[PDB]
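Residue numbers (the authors' numbering): 1 to 125.
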């Protein structure tokens with residue numbers, strides 16, 4: 001286990017440039033998106049929560065392709081606002097239900113330190 005808590009105040013500094021292997025050590029799901037929502041990183045904990053294969057989703061668009069249930073004002077809308085402002089930091093509960101058993105989660109979206117990069121962190125609730 002990497003010793004990082006979900007929702008930690010400095011999470012973007014701790015995860016900065018974490019390689020795919022180290023990201024797989026987190027206790028929570030972690031996705032890194034570009035500003036358009038394309039998947040740059042996707043860890044093992046997230047694949048366990050959602051069923052997706054962390055290796056296969058990289059390069060897919062999260063909102064258009066992988067997670068259409070998040071293509072809504074309550075998820076994608078918040079993401080694209082926070083990308084626009086360059087200050088994204090939002091935590092909210094949500095239900096993931098596309099081609100899966102509906103699963104309620106807590107989501108934390110936060111701008112990364114790397115260019116054109118945004119984290120989506122996920123844990124079960």
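All C-beta atoms in this analysis are idealised placements derived from N, C-alpha and C, irrespective of residue type, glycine included.
In this structure, how does DSSP classify residue i when only helix, strand and coil are distinguished?
i          : result
residue 29 : strand
residue 23 : helix
residue 93 : strand
residue 55 : coil
residue 43 : coil
residue 9  : coil
residue 71 : coil
residue 4  : coil
Are residue i and residue j touching if we call contact CB-CB under 8 Å?
i           : j           : result
residue 130 : residue 26  : No answer is possible for residue 130: the residues shown for the chain start at 1 and end at 125.
residue 62  : residue 33  : yes
residue 105 : residue 120 : no
residue 113 : residue 12  : yes
residue 30  : residue 43  : yes
Short of 7 Å in beta carbon distance, which residues of its chain neighbour residue i, apart from the five on each side in sequence? Order them along the chain.
i           : result
residue 131 : Beyond the ends of the chain as shown, which are 1 and 125, falls residue 131; an answer cannot be given.
residue 83  : 35, 118
residue 53  : 47
What residue range does the alpha helix (DSSP H) around residue i cover?
i           : result
residue 121 : Unbroken run through residue 121 is the beta strand (DSSP E), 118-124; no alpha helix (DSSP H).
residue 80  : 78-85
What does a CB cutoff of less than 6 Å around residue i pick up in its chain, not counting 5 residues either side in sequence?
i           : result
residue 71  : 63
residue 111 : 88, 118
residue 95  : 102, 104
Check for me: the beta strand (DSSP E) holding residue i runs from which residue to which?
i           : result
residue 103 : 103-111
Going by DSSP, name the residue or residues bridged to residue i.
i          : result
residue 38 : 61
By Cβ distance, which residues of its chain are closer than 8 Å to residue i, with the 5 residues on each side in sequence left out?
i           : result
residue 100 : 50, 51
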